[PDB]
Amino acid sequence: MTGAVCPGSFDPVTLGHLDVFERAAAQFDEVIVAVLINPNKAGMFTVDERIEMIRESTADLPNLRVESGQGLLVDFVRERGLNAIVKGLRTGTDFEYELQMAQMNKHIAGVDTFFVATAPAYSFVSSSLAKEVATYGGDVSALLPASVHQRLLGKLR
């Protein structure tokens, strides 16, 4: 049985993230989406809220489940008997950031990382920029799953 973890902040999950999940789920026997706090935010949504938004958006991926993670990512991965991380890349900035972490994670624990390329339609999509646009009344409905849009309006209103 093959398996991978898809870690992130997912604050909130976007259609770009979902595209990664779908492609990971198509190639691995099990996918665990791990919701972690990134060391330099506090977030708009609680971990539990993030988890629910992901679960509601991934119901059609039967081999995917969602979990909170704390502490070191490579510990999370190894504790669940896996040895693969799946991340996504939009930009050269993503590439540099992710390459550093991938090499570090492999060095400290032997855990490998696979990257998927963004869909062209979602290349400019990030949680941070979506939240900013929405905060000032901009329409980001085409960039997010339905399970996020209402929650996002609620948190802003």
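Definition used throughout: the rigid core is the maximal C-alpha set that superposes within 1.5 Å between two forms. The first residue of the shown sequence is 1; numbering continues from there.
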Could you say which moves further from this form in 9 other deposited structures of this protein, stretch 88 to 96 or stretch 66 to 74, by root mean square CA distance after aligning on the core?
88 to 96
Stretch farther from shown form by Cα RMS in 9 other deposited structures of this protein, picked from 30 to 38 and 98 to 106 after core fit, is 30 to 38
Of 56 to 64 and 41 to 49, which one has the bigger average CA B-factor?
41 to 49
When the C-alpha temperature factors are averaged for each of 95 to 103 and 127 to 135, which stretch ends up with the higher value in the entry?
127 to 135
Can you work out whether the C-alpha temperature factor of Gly69 puts it in the lowest, middle or highest third of the chain?
highest
Which third of the chain does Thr118 land in by C-alpha B-factor: lowest, middle or highest?
middle
Split the chain's modelled residues into thirds by Cα B-factor; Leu143 lands in the middle
